[PDB]
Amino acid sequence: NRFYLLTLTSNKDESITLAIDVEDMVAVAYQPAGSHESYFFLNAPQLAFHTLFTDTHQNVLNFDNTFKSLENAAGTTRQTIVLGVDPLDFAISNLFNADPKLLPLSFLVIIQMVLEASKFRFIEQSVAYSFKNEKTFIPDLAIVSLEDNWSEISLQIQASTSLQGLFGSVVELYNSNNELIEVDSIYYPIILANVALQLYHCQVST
């Protein structure tokens, strides 16, 4: 089927179950363990309501799973929000208690530290360091530009199979010193050794 379930447990032993659409790789809903309530993003696909958490009261959130909507509802942007072990712990708790004040913020933490890290080795590695040094970080343009371009990068990888690994369009990425790097082919390690999962756009092959 279409939805992947994923459990996160805080240091207070509170567990939430998060449901992910494998087709878009977005979070669509979650349930706190031991509750009869579930919470669905406003733009969750129709099939999600019919197949997930059907023995619960299904609440619909008043924002969607796009970063813009989440940032809008949190009142601040990803470049302001700390990531790390303790922000994640805090985030899990807030979802578990279904605290409507802290929901958008908590989703921003969780989505980045779980889903976006799965997509990109660079983000995975940034997060791993926060676990090692038990210190918080704020994502800069290096991380944000990867998040915002994943769909387009996936398209260009697929497209590149028709012409020698060259992209049909330039992707604009940033390095950790905020220098722009315009990438127009697969022959860059910051693509080939970084992207770990790609969104399906077209049926091509190498």
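For every residue, the number given is its place in the sequence shown, counted from 1.
Here the stretch with the larger average CA B-factor, out of 177 to 185 and 39 to 47, is 177 to 185.
When all modelled residues of the chain are sorted by CA temperature factor, residue 31 is found within the middle third. Among the modelled residues of its chain, residue 131 has a C-alpha B-factor that falls in the highest third, as given in the PDB entry. In this PDB entry, the Cα temperature factor of residue 72 sits in the top third of its chain's modelled residues, the highest group. In this PDB entry, the Cα temperature factor of residue 8 sits in the middle third of its chain's modelled residues.
In the deposited entry, the Cα temperature factor of residue 150 places it in the lowest third of its chain's modelled residues.
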